[PDB]
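Shown below: input.cif, with mmCIF, C-alpha atoms; chains and numbers go by the auth columns.
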```cif
data_final
loop_
_atom_site.group_PDB
_atom_site.id
_atom_site.type_symbol
_atom_site.label_atom_id
_atom_site.label_comp_id
_atom_site.label_asym_id
_atom_site.label_seq_id
_atom_site.Cartn_x
_atom_site.Cartn_y
_atom_site.Cartn_z
_atom_site.B_iso_or_equiv
_atom_site.auth_seq_id
_atom_site.auth_asym_id
ATOM 1 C CA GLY A 1 112.627 98.751 113.856 0.00 143 A
ATOM 2 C CA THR A 2 110.688 98.349 117.088 0.00 144 A
ATOM 3 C CA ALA A 3 107.305 97.876 115.400 0.00 145 A
ATOM 4 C CA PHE A 4 108.399 95.278 112.756 0.00 146 A
ATOM 5 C CA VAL A 5 106.810 92.581 114.917 0.00 147 A
ATOM 6 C CA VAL A 6 103.452 90.800 114.816 0.00 148 A
ATOM 7 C CA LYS A 7 101.785 88.528 117.392 0.00 149 A
ATOM 8 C CA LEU A 8 100.011 85.321 116.282 0.00 150 A
ATOM 9 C CA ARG A 9 97.152 83.530 118.058 0.00 151 A
ATOM 10 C CA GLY A 10 95.406 80.251 117.329 0.00 152 A
ATOM 11 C CA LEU A 11 98.365 78.128 116.268 0.00 153 A
ATOM 12 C CA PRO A 12 98.126 74.327 115.888 0.00 154 A
ATOM 13 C CA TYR A 13 99.533 72.283 118.805 0.00 155 A
ATOM 14 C CA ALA A 14 102.127 70.650 116.569 0.00 156 A
ATOM 15 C CA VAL A 15 103.218 73.956 115.024 0.00 157 A
ATOM 16 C CA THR A 16 106.768 74.376 113.774 0.00 158 A
ATOM 17 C CA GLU A 17 108.980 77.230 112.611 0.00 159 A
ATOM 18 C CA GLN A 18 108.752 75.703 109.129 0.00 160 A
ATOM 19 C CA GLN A 19 104.966 76.176 109.133 0.00 161 A
ATOM 20 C CA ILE A 20 105.319 79.810 110.244 0.00 162 A
ATOM 21 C CA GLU A 21 107.917 80.449 107.522 0.00 163 A
ATOM 22 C CA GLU A 22 105.522 78.912 104.960 0.00 164 A
ATOM 23 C CA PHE A 23 102.545 80.930 106.250 0.00 165 A
ATOM 24 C CA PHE A 24 104.609 84.105 105.738 0.00 166 A
ATOM 25 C CA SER A 25 106.136 82.924 102.435 0.00 167 A
ATOM 26 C CA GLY A 26 107.388 85.916 100.490 0.00 168 A
ATOM 27 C CA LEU A 27 108.116 88.012 103.591 0.00 169 A
ATOM 28 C CA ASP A 28 111.565 88.517 105.108 0.00 170 A
ATOM 29 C CA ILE A 29 111.598 87.068 108.638 0.00 171 A
ATOM 30 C CA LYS A 30 114.751 87.744 110.660 0.00 172 A
ATOM 31 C CA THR A 31 117.135 84.770 110.600 0.00 173 A
ATOM 32 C CA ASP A 32 118.366 84.797 114.162 0.00 174 A
ATOM 33 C CA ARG A 33 116.836 83.004 117.143 0.00 175 A
ATOM 34 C CA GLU A 34 114.597 86.023 117.690 0.00 176 A
ATOM 35 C CA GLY A 35 112.913 85.851 114.297 0.00 177 A
ATOM 36 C CA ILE A 36 110.164 83.479 115.467 0.00 178 A
ATOM 37 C CA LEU A 37 109.349 82.947 119.151 0.00 179 A
ATOM 38 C CA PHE A 38 106.634 80.650 120.473 0.00 180 A
ATOM 39 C CA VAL A 39 104.967 81.792 123.692 0.00 181 A
ATOM 40 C CA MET A 40 105.049 79.344 126.639 0.00 182 A
ATOM 41 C CA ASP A 41 103.244 79.242 130.001 0.00 183 A
ATOM 42 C CA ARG A 42 105.196 79.255 133.241 0.00 184 A
ATOM 43 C CA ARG A 43 105.964 75.523 132.960 0.00 185 A
ATOM 44 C CA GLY A 44 106.947 75.629 129.281 0.00 186 A
ATOM 45 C CA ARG A 45 103.669 74.455 127.709 0.00 187 A
ATOM 46 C CA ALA A 46 102.697 76.173 124.457 0.00 188 A
ATOM 47 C CA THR A 47 99.938 78.777 124.571 0.00 189 A
ATOM 48 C CA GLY A 48 99.204 78.852 120.830 0.00 190 A
ATOM 49 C CA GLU A 49 100.678 82.355 120.545 0.00 191 A
ATOM 50 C CA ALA A 50 103.893 83.400 118.820 0.00 192 A
ATOM 51 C CA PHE A 51 105.811 86.529 117.844 0.00 193 A
ATOM 52 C CA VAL A 52 107.393 87.033 114.411 0.00 194 A
ATOM 53 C CA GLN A 53 109.951 89.746 113.590 0.00 195 A
ATOM 54 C CA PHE A 54 110.339 91.023 110.011 0.00 196 A
ATOM 55 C CA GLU A 55 113.084 92.995 108.313 0.00 197 A
ATOM 56 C CA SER A 56 110.910 95.836 107.062 0.00 198 A
ATOM 57 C CA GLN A 57 107.791 97.813 107.840 0.00 199 A
ATOM 58 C CA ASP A 58 106.086 96.901 104.576 0.00 200 A
ATOM 59 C CA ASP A 59 106.555 93.198 105.320 0.00 201 A
ATOM 60 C CA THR A 60 104.806 93.713 108.652 0.00 202 A
ATOM 61 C CA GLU A 61 101.874 95.268 106.823 0.00 203 A
ATOM 62 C CA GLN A 62 101.703 92.356 104.378 0.00 204 A
ATOM 63 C CA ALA A 63 101.787 89.943 107.342 0.00 205 A
ATOM 64 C CA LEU A 64 98.841 91.705 108.917 0.00 206 A
ATOM 65 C CA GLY A 65 97.005 91.298 105.635 0.00 207 A
ATOM 66 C CA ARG A 66 97.174 87.519 106.146 0.00 208 A
ATOM 67 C CA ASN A 67 94.949 87.750 109.244 0.00 209 A
ATOM 68 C CA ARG A 68 92.661 84.699 109.536 0.00 210 A
ATOM 69 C CA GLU A 69 94.486 82.722 106.832 0.00 211 A
ATOM 70 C CA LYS A 70 95.108 79.102 107.839 0.00 212 A
ATOM 71 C CA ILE A 71 97.859 76.817 109.018 0.00 213 A
ATOM 72 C CA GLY A 72 96.427 73.362 108.539 0.00 214 A
ATOM 73 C CA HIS A 73 92.849 73.618 109.757 0.00 215 A
ATOM 74 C CA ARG A 74 93.535 76.514 112.206 0.00 216 A
ATOM 75 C CA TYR A 75 92.671 80.125 111.506 0.00 217 A
ATOM 76 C CA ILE A 76 95.555 82.366 112.543 0.00 218 A
ATOM 77 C CA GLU A 77 94.780 85.736 114.131 0.00 219 A
ATOM 78 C CA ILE A 78 97.503 88.342 113.575 0.00 220 A
ATOM 79 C CA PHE A 79 98.030 91.552 115.574 0.00 221 A
ATOM 80 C CA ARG A 80 100.407 94.503 115.384 0.00 222 A
ATOM 81 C CA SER A 81 103.035 94.315 118.098 0.00 223 A
ATOM 82 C CA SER A 82 106.458 95.578 119.176 0.00 224 A
ATOM 83 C CA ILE A 83 109.910 94.381 120.162 0.00 225 A
ATOM 84 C CA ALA A 84 109.227 95.239 123.818 0.00 226 A
ATOM 85 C CA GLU A 85 106.070 93.108 123.835 0.00 227 A
ATOM 86 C CA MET A 86 107.958 90.239 122.190 0.00 228 A
ATOM 87 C CA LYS A 87 110.824 90.463 124.690 0.00 229 A
ATOM 88 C CA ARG A 88 108.482 90.644 127.695 0.00 230 A
ATOM 89 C CA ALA A 89 106.513 87.524 126.814 0.00 231 A
ATOM 90 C CA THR A 90 109.606 85.485 125.898 0.00 232 A
#
```
Re-express the file's structure as C-alpha coordinates.
Amino acid sequence: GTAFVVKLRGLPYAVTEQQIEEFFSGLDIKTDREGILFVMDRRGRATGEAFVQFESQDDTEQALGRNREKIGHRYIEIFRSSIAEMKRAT
(Lines of atoms letter the chains of each structure in order from A and count residues from 1; the text may use other names and numbers.)
(Lines give C-alpha, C1' and ligand atoms only; values in the text may rest on other atoms or scores of the structure.)
Protein backbone atom coordinates (compact mmCIF):
# COMPACT_ATOMS: atom_id res chain seq x y z
CA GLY A 1 0.00 0.00 0.00
CA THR A 2 2.96 2.27 0.68
CA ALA A 3 3.75 2.91 -3.00
CA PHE A 4 0.15 3.70 -4.17
CA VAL A 5 1.09 7.39 -4.15
CA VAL A 6 2.18 9.82 -6.86
CA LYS A 7 3.63 13.34 -6.59
CA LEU A 8 2.41 16.13 -8.92
CA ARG A 9 4.34 19.22 -10.02
CA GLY A 10 3.31 22.22 -12.08
CA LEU A 11 -0.21 22.77 -10.78
CA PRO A 12 -2.21 25.94 -11.54
CA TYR A 13 -2.31 28.54 -8.74
CA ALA A 14 -6.08 28.27 -8.45
CA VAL A 15 -6.03 24.46 -8.37
CA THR A 16 -8.75 22.57 -6.54
CA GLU A 17 -9.37 19.00 -5.42
CA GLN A 18 -12.13 18.89 -8.04
CA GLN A 19 -9.59 19.55 -10.80
CA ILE A 20 -7.29 16.80 -9.48
CA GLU A 21 -10.22 14.36 -9.31
CA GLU A 22 -11.11 15.26 -12.92
CA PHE A 23 -7.49 14.91 -14.10
CA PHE A 24 -7.46 11.38 -12.63
CA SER A 25 -11.01 10.56 -13.80
CA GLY A 26 -11.46 6.81 -13.90
CA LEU A 27 -8.95 6.12 -11.11
CA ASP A 28 -9.87 5.37 -7.50
CA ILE A 29 -8.45 8.11 -5.26
CA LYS A 30 -8.79 7.50 -1.51
CA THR A 31 -11.78 9.37 -0.05
CA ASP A 32 -10.33 10.52 3.24
CA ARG A 33 -8.47 13.76 3.93
CA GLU A 34 -5.25 12.02 2.90
CA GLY A 35 -6.39 11.20 -0.62
CA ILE A 36 -5.20 14.51 -2.09
CA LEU A 37 -2.71 16.77 -0.29
CA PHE A 38 -1.40 20.07 -1.63
CA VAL A 39 2.16 20.93 -0.63
CA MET A 40 2.69 24.27 1.18
CA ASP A 41 5.80 26.29 2.07
CA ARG A 42 6.60 27.12 5.67
CA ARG A 43 4.08 29.99 5.73
CA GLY A 44 1.28 28.05 4.02
CA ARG A 45 1.72 29.31 0.44
CA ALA A 46 1.19 26.72 -2.29
CA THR A 47 4.25 25.31 -4.04
CA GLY A 48 2.44 23.85 -7.06
CA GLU A 49 3.13 20.31 -5.85
CA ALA A 50 0.64 17.77 -4.52
CA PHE A 51 0.45 14.12 -3.47
CA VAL A 52 -2.37 11.78 -4.54
CA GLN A 53 -3.06 8.38 -2.95
CA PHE A 54 -4.85 5.65 -4.93
CA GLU A 55 -6.57 2.46 -3.85
CA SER A 56 -4.59 0.09 -6.05
CA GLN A 57 -1.22 -0.40 -7.67
CA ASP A 58 -2.64 -0.53 -11.19
CA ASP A 59 -4.33 2.84 -10.67
CA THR A 60 -0.96 4.31 -9.70
CA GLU A 61 0.49 3.02 -12.96
CA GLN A 62 -2.37 4.52 -14.97
CA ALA A 63 -1.82 7.84 -13.14
CA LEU A 64 1.82 7.82 -14.13
CA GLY A 65 0.72 7.29 -17.71
CA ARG A 66 -0.97 10.71 -17.57
CA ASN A 67 2.40 12.46 -17.14
CA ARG A 68 2.44 15.85 -18.91
CA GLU A 69 -1.32 15.88 -19.53
CA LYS A 70 -2.90 19.25 -18.72
CA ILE A 71 -5.01 20.94 -16.09
CA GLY A 72 -6.17 24.11 -17.78
CA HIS A 73 -3.11 25.41 -19.60
CA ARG A 74 -0.57 23.78 -17.21
CA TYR A 75 1.34 20.62 -18.00
CA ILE A 76 1.35 18.32 -14.97
CA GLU A 77 4.49 16.32 -14.19
CA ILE A 78 3.80 13.08 -12.32
CA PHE A 79 6.32 11.02 -10.32
CA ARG A 80 6.24 7.74 -8.42
CA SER A 81 6.21 8.32 -4.68
CA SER A 82 5.42 6.73 -1.32
CA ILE A 83 3.32 7.21 1.79
CA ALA A 84 6.41 8.22 3.79
CA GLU A 85 7.27 10.95 1.28
CA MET A 86 3.67 12.18 1.33
CA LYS A 87 3.57 12.25 5.14
CA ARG A 88 6.93 14.04 5.42
CA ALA A 89 6.02 16.90 3.10
CA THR A 90 2.55 17.39 4.60
Exercise. What gap, in Å, lies between CA of residue 171 (chain A) and CA of residue 183 (chain A)?
Worked result: 24.2 Å
For this session: For the file shown, report as a ChimeraX atom specification the outcome of the PyMOL selection byres ((chain A and resi 208) around 10) at residue level.
Result: /A:165-166,203-207,209-212,218-220
Centre, x/y/z edge lengths, axis-aligned box for region 210-216 of chain A with 3 Å per side, as AutoDock Vina command-line options:
```
--center_x 95.3 --center_y 79.0 --center_z 109.5 --size_x 11.2 --size_y 17.3 --size_z 11.4
```
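Ranking A:197, A:176, A:164, A:191 by their shortest atom-to-atom distance to residue 214 (chain A), with only C-alpha atoms included, puts A:164 first.
In this structure, CA of residue 168 (chain A) sits 22.1 Å away from CA of residue 228 (chain A).
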